[PDB]
Amino acid sequence: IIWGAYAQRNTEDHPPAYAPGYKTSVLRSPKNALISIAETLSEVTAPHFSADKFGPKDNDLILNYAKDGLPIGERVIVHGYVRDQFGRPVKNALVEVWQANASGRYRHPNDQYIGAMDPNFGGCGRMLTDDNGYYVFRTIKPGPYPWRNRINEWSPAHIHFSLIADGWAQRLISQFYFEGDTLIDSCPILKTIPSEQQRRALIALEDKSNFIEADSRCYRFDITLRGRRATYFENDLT
Amino acid sequence: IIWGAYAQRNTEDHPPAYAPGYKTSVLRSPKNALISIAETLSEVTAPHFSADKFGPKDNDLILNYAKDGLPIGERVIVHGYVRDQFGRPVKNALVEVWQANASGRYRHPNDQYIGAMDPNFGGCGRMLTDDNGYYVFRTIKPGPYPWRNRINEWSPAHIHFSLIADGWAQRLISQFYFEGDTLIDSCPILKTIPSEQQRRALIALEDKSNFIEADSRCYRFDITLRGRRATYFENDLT
Amino acid sequence: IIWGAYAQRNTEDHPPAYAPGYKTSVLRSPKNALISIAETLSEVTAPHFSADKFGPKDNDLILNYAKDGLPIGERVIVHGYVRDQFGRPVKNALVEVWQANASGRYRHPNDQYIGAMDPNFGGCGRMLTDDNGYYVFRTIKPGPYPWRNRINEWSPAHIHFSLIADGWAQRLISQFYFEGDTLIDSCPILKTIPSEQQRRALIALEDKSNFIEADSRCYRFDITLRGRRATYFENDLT
Amino acid sequence: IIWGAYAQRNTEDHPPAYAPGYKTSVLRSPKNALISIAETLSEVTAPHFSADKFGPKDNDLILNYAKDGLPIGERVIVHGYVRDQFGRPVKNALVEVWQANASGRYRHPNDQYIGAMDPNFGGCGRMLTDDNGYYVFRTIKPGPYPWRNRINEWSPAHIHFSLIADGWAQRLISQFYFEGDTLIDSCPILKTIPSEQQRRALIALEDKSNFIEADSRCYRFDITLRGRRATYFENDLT
Amino acid sequence: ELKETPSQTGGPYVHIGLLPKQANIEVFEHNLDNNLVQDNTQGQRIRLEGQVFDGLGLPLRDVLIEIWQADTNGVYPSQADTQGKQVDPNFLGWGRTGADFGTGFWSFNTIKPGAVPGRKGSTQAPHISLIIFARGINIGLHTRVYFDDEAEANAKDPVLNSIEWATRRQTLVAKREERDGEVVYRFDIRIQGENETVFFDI
Amino acid sequence: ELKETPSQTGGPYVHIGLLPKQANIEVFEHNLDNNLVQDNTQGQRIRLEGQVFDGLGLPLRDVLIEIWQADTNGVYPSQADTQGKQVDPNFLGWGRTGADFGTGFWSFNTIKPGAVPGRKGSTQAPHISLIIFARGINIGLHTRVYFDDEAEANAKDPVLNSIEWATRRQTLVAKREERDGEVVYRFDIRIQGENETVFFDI
Amino acid sequence: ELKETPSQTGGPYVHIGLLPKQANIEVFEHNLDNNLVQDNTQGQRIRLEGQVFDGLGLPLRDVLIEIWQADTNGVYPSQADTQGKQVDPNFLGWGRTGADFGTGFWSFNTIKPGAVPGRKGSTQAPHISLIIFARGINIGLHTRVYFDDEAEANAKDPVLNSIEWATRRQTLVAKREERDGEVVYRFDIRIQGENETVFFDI
Amino acid sequence: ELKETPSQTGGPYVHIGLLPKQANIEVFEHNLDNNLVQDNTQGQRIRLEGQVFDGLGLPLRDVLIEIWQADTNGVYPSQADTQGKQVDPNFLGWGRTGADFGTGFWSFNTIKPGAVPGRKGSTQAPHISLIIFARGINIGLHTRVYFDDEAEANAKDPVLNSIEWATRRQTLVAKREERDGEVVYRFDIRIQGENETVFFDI
Ligand SMILES: [Fe+3]
Ligand SMILES: [Fe+3]
Ligand SMILES: [Fe+3]
Ligand SMILES: [Fe+3]
Ligand SMILES: [O-]
Ligand SMILES: [O-]
Ligand SMILES: [O-]
Ligand SMILES: [O-]
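Put into structure tokens, the structure is as follows:
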């Protein structure tokens, strides 16, 4: 198999850059249209990260910053599969996540929300997907929080994630929400996404058979990245 | 009958000038609103073209540029009627058309698409509508083609047309597509048109009873222009 | 695994031999019912073709007969999978195809249609499916054409195909059409097929993610052949 | 306007020749498919009949054979328009009609039905359509009658008609029925027609506004013949 | 667009309405018939006759036949003829007849037609267009009658040459006979079975 | 009632169909162009020229322009002109041109138009109606060209006076220059941004 | 479970794609054909030939035929043959041909096959499996060719004995002839009518 | 087929998860950063720095930047590089940094990349691929950094030449400066407004 370029990003399946309901986007969005280019080796390559550099608790947000005790909040496991748009597993991709604690408070200099800080929670983790594209991490379910867009805006609970996979073209940062959160229908950041079926692709689902008795609940969340087409005739990439 | 002005163009039945999904429109659309004016003799008059100047093959794109043989592609006849919005026939209007050949390639300096050029096809024609507003021309069905908006954009097959009729206010350039073309649902230029019923007004219909056995298929396509209102009281035009 | 016979051909999923709307069938169809037999080694065996005999351009109808330039017409890739009725891939099957050029004209002594011949197009190709049953070829999309059944009959665009696979019982010749072609609903040859879902099994689908930017469109078309049942008790084949 | 050929007869809008439910068709239908030909002057020409030869009562079946008194039965006027498939009026076409009397009995040597003969009714008439394609005749509504197909077969009431118009290709003989007749749903001759919408095209409609007080009822019945296509390019007819 | 009105059989009494004298009905002063020769009509007088047979080889005794033909110079007495030639003014070009109720024989007194232009510059051999209506026939059956003494023109005729089974072309050739000074062409029509007559969709 | 057919951009190849010689296609014997002056045409010959700029201030090198104007006495060569005056018989009043592919300059050879009646007894200042088509432009853009040496008539012009932001009226005034005996009017069009040209919905 | 893809006729040009040399197309270096005998192939060389007739008794001049057979020892050159015997290594067992466009004759140069095991311990008489494709044929028609000089084996053949109308078994027996040293088997196929060839659903 | 998961802004705290030390969180032993030069890395060391500005011309103090580049010989440290050349084994080719919360300056210590093959036999000028994430940015913005001392290679670069407004190509060229022995390339990014940086859909 000789690989060709990544399929074109479908701009209609993503938020537009300028979205006046999310106020910060007004001065941080280009006024010119993006310039589309034909891909080269620069766009279809990406770095490789070795598992040797990862610590044993890098995917355990419950324990990785715990000092005197356990963090306060709902114990949950999040797992799923990363695949490309043609259904192929994405192996050895770097998945990084970050979130607020159970109060909706981030451990960040710039976060002054009155929700309490938890001395035993950090809120960041990372993992490499396996050969089946599978990932799993454990954490405390984040609380929703207020922010200033309109003065009383509230984000639904979410976990931010980033993926660096096989091609630079696949680079993606987004966030997933939790099934049933009522704030999902009011969020101006989620409403930047044009279609209802794409808004739903960011919702992690309760996975009851995978709950661990007397211990933790579990959510299922799959991620789809752009995929490469195979070439059978001319290979113009180079 | 004393004629008054043309009815107002319904801006909601046309694409807006700024349509970010069609990238070229971003820097080529006014930021100010158009200024509407009351019509004068300048807007309700237009030039007249005499049939004497037209050659015998001006409406036969199959033969008008043929040198050594016939062009390659699907033989089709396109016909229909031009009427104003009040249903009156538009007589002696200049209809000009232009298109790509069967490969989706235009005979234009700026078109470098790999689809092959056809030495016997030119791709342009013209006709005057008759007294019933009827027009008919013969051509090779154009192939769809790729262009750079997003890198993998493809226009559905189409024939570009222009009309100069009785009033300058009626001046119109557009393009029609062919019933059934699956690319019609993905085209960002056609999606600039706000409503589904107006997108459908650009689709030429298969006219099976008018196919010519062992020779050519036929498509039916009608065009509607703005129409004048009649005056029965004050005539303020002058 | 010990293989038994092929499952019985379901005569209701195929056209009948006598179909008076396709006039040529009236004198070329048996008046007696076919005689069904129990299968023997003769029906479950078939020849093997080696890839060594195939040329590099045998599956590239765009280039395999090109002399002075490229053929005129719409560049398209057709690909898909061949499986048996139980979903197993059909490996190393001989797939042969043939079609008209962009004008709807065949390079055949008996074809006198006025649509133009293309000196750089031949219209035939062949390939062996791979181990996953996958096949891919490149060509020019054929134009529909007129023929004499009723005097003004027109076939929708199509590509004829033939398969020789693992068992003689699987031998099949048919033709596939292209999504959206309006002539599909009027063709008397396609209407010989009794059910709507089987008529749809001959339609190749637009595969937009697989289009190659500034180059070619792509259609997806899968083929299902009869499959063998496995035996766990008596093996009467021999 | 230069006329070309008649549009092809749509065989699917007509009964097939072999229809086993109408028993007489079994030995009187060709086993070979009809041979379609391209039209010549022979098929697009037809004879002309002059009105001078027509008598004053040729379209008045109530009076044209009346000797001692008026025929017994329901006084009705039948009128309508003859047009071609493109909606153009068929002018000066010869329309001939024939029917049974109010008892369902024909004045024919071969009709021995016990329904009574009417000494003042003949049952035949003729007319030329006018310049608008309009025709009108007066008659006695025929009674349904029994015939031997299955032993108890009954035809719904009907009036037989024949048209000789502008082209030999348009030659047509058929029969029309009356709105509401319950035997219409059981007739094997009407069921030879494949589609419900075509069966309905043979039903004459009650035209209440056109009833003549204290005198006659009225039915409306339009007839559509094949139409010619106009030619704008090559005229191959000759 | 409208669909053509569907055909239905003429039925067993097609004579009442189309040949009232054969049904013994006298309602019309002018009656249409099987005689196309008027006193001043030009050309060679010929008589065309035959029988129509069903699948059992039995003659139809209730069939109605009509023919349409050009004059002696191959010009049609019709406003649609575009030859620009003057047609014989004493020629209708059409006639109608029914088979005798007892024997099944039918006949027309007409004139042998001249050759008519075919498509694209071709010439058609002399022919008479014929249509058959009867109980059991759902749509009138169109055929053509060519002449055996016109072998040379028949061989080059476009319509006969468009019938790919050459063995069937002969079903369309009538046989010339010279009965007592009368030149008669015998044309039998076989609707079904062996030697089935070619029928056209025109 | 019917809705107007919707507009779509002219696209990048609008030249094939509208100025085939610029695309090097020779199919027509009579070609429409940018020269409105015939030998017997009346009036003062003027040359109208300029460039069309996009939002980055770059010239469009694929734009197609047409103008429509009255003759020297302000009568339109159109059956819809109701003035009852005889128009110059050697004047079409319309022309079409495209910008040079390299430089973006466009030009017309025409005649300075006479003043035309405005509505309700008013008089319009001399003007040329202009429309722009190009890839990126979904609907042709209508504008007008007035003349700077007609200050007095411009000040009383009904259409210019109906533009409430007076600062924008000046975008519609072309500048007169006298190049070697030729009277040239320079009219640059700015589609977007500062000094954006006024466009009309007519 | 999936339904088999439906069959459609091969159509009139089945040669372009299946016998390009007969259509005068030279695109492939290796072409498949009607010669199954290679120099080292074992067995008696025979020529198989005939014509295919339609319901009017006319030969099909656009038919495509293929045959599939075992080697001289009745072993198939196929991975599905489970006999455990070594097959002739210089034998494909398959070939394809088309009828001559003028005469309708078709032929193959092959080898007379050995007897192949039938079901449940039975032995089949020597036979060649044959399939027919052509315009007018919606699904390829399968038949078998047995040999008249194998009367004894034919009488015990399971497939021939499963045809209950014994009179039709003979349509499957080819006639041996010895033309100038060449052993030829004549097999004519009649698609419809009297002596219609038996076709199988396999 | 599946649709790509939709993008959402990185938000104001993108540092917690992507640069925990900048947020003062010590959870990882190995931390990813903005230093791509290891001791044995080959090539000329360069420092890349600048600021990112919003539409008011104010610097973003919460932006996260990443770059991806080839080694000194223009080979990518990635299994997808098909050049068949050995890459520098002490080079990750990627780094990440955030702007200083006070000043908005960001920087990377890397190596000047070698030229990489472009499509169809072409050669691309040396470049670094860069992506920007921040609150207000719904989808990471892709751009490229080319070098002003590579004028000759830049002029022939396929991607720069595919930007039709030539005036914007310059927004992608960083300026070389030689600060105390250190070769620094200054690259400022303007998201909106005048001199807005070209962004690509890759
Ligand atoms: Fe009746
Ligand atoms: Fe176009
Ligand atoms: Fe075909
Ligand atoms: Fe957040
Ligand atoms: O009847
Ligand atoms: O275009
Ligand atoms: O075909
Ligand atoms: O956030």
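Note that the protein sequences, when read in sequence, are chains X, P, Y, W, D, Z, V and G. Residues 4 to 241 in UniProt numbering are what the first sequence spells out, letter by letter. Residues 4 to 241 in UniProt numbering are what the second sequence spells out, letter by letter. Residues 4 to 241 in UniProt numbering are what the third sequence spells out, letter by letter. Residues 4 to 241 in UniProt numbering are what the fourth sequence spells out, letter by letter. Residues 8 to 209 in UniProt numbering are what the fifth sequence spells out, letter by letter. Residues 8 to 209 in UniProt numbering are what the sixth sequence spells out, letter by letter. Residues 8 to 209 in UniProt numbering are what the seventh sequence spells out, letter by letter. Residues 8 to 209 in UniProt numbering are what the eighth sequence spells out, letter by letter. The C-beta atom is built at its ideal place from N, Cα and C for all residues, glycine as well.
- Going by DSSP, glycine 105/D is part of no alpha helix (DSSP H) but of the beta strand (DSSP E) stretching over 101 to 105.
- Residue contact check for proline 74/P against chain Z: no CB pair falls below 7 Å.
- Taking a beta-carbon distance threshold of 7 Å, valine 85/W does not count as an interface residue toward chain D.
- Of all residues in the region 219 to 240 of chain X, those with a C-beta nearer than 7 Å to a C-beta of chain Y are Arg232, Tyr235, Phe236, reading in chain order.
- The beta carbon of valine 139/W sits closer than 6 Å to those of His82, all from its chain and outside the five residues before and after it, given in chain order.
- Cβ atoms of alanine 49/X and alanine 168/X come within 8 Å of each other, at about 6 Å.
- Fully enclosed beta strand (DSSP E) runs of no fewer than 3 residues occupy 148 to 150, 156 to 158, 162 to 167, 175 to 181, 206 to 209, 220 to 223 of the region 148 to 223 of chain P, in order along the chain.
- When DSSP reads this structure, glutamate 99/Y sits in a beta bridge with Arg129/Y, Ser165/Y.
- In the structure shown, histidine 22/D adopts helical secondary structure according to DSSP, grouped into three states.
- Between the C-alpha atoms of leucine 99/G and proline 84/G there is a straight-line separation of about 6 Å.
- Counting of Cβ neighbours within 10 angstroms places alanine 20/P among the buried residues, the total reaching 16 or more.
- Contact between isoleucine 118/Z and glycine 188/Z does not hold, since the beta-carbon distance rounds to 16 Å and is not under 8 Å.
- Put simply, the CB of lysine 194/Y is far from chain W, with every gap to its CB atoms at 7 Å or more.
- In its chain, beyond the 5 residues on either side, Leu97, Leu131 have a beta carbon closer than 7 Å to the beta carbon of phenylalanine 52/W.
- In summary, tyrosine 25/X is buried, with 16 or more beta-carbon neighbours lying within 10 Å of its beta-carbon over all protein chains present.
- Excluding five sequence positions before and after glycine 72/W, the CB atoms of its chain that fall closer than 8 Å to its own CB belong to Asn123, given in chain order.
- Distances from the CA of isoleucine 196/V to each of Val59/V, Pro27/V, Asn42/V were compared; the closest alpha carbon is that of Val59/V.
- Beta-bridge partners assigned by DSSP to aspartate 63/Y: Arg141/Y.
- Contact of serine 198/Y with chain X by beta-carbon distance below 7 Å is absent, the smallest such distance being about 30 Å.
- The three-state secondary structure of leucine 43/D, taken from DSSP, is coil.
- In this structure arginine 78/W is in contact with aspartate 218/W, their Cβ atoms being roughly 6 Å apart against a cut-off of 8 Å.
- In the DSSP assignment, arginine 78/X falls within the unbroken beta strand (DSSP E) covering 78 to 87.
- Under the three-state reduction of DSSP output, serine 136/D falls in the strand class.
- In terms of Cβ geometry, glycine 170/W and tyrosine 9/W form a close pair [threshold 7 Å].
- Close to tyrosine 116/P, with beta-carbon spacing below 9 Å, are these residues of chain Y in chain order: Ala217, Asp218.
- Chain Z places no beta carbon closer than 7 Å to that of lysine 70/P, leaving this residue out of the contacts.
- Rounded to the nearest whole angstrom, the CA to CA distance from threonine 14/P to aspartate 208/G is 32 Å.
- Chain-ordered listing is empty here: chain Y has no CB closer than 8 Å to the CB of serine 28/W, the nearest sitting near 14 Å.
- Take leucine 26/D, set aside five residues on each side of it, and the residues of its chain with a beta-carbon closer than 6 Å to its own are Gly105, in chain order.
- Residues of chain D with a Cβ closer than 9 Å to the Cβ of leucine 63/V are, in chain order, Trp172, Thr174, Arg175.
- Shown in chain order are the members of the region 133 to 150 of chain P whose Cβ falls below 8 Å from a Cβ of chain W: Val139, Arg141.
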